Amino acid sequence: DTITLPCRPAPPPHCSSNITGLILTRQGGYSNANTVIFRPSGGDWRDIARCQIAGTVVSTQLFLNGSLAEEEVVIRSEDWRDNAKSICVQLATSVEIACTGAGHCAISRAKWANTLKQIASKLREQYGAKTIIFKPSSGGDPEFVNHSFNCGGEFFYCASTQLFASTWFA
């Protein structure tokens, strides 16, 4: 059972990659009782650059083939109390995203759910809440509202909405 991210154009099979991390943005509200909302960061490439874990692969929202963390998932941010400051989440165990060439790539829903749970646990330890809600990207250009990546000299765009739509409790 897998999550299917639809991609345009169809990514060839040799573009299958390893999600080693991602970049998030917390939705405005600070203390909304106990539910904190995060979304995939759709800002500037320099945010991904300031994360400094993305590796050599050009990618938005999700870091492909980047550097993984040593022991456990680690979240970082210039300022936790600021929403404009992005959240660089470095995974500990990569999640393989496999592309078939049929216009969509696939991610194991069990592995992605475990990754989301670990991310939510670390975000809960940081922001001191309980409920973590991953919501989709709140608009922008095609390169940052979608998960985009350059492979084989071609830029591919994949709707990552089904990766960021879940609730995680304590």
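All residue numbers are counted from 1 along the displayed sequence.
Q: Please compare 89 to 97 with 75 to 83 and name the stretch with the higher mean C-alpha B-factor in the deposited structure.
A: Mean CA B-factor is higher for 75 to 83.
Q: Report the stretch with the higher mean CA temperature factor, choosing between 122 to 130 and 49 to 57 on the basis of the entry.
A: Taking the mean C-alpha B-factor of 122 to 130 and of 49 to 57, the larger value falls to 122 to 130.
Q: Kindly indicate the residue among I37, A113, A102, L62 with the greatest C-alpha B-factor in the PDB record.
A: The C-alpha B-factor peaks, among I37, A113, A102, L62, at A102.
Q: C-alpha B factor of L163, ranked within the chain: lowest, middle or highest third?
A: Answer is lowest: the recorded C-alpha B-factor places it there.
Q: Name the third of the chain's ranked CA B-factors that contains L24, choosing lowest, middle or highest.
A: For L24, whose C-alpha B-factor we compare with every modelled residue in the chain, the answer is the lowest third.
Q: For the chain shown, is the CA B-factor of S31 in the lowest, middle or highest third of its modelled residues?
A: For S31, the deposited C-alpha B-factor lands in the highest third.
Q: Once the chain's modelled residues are ordered by C-alpha B factor and cut into thirds, is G43 in the lowest, middle or highest one?
A: Middle third - that is where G43 ends up once the chain's C-alpha B-factors are sorted.
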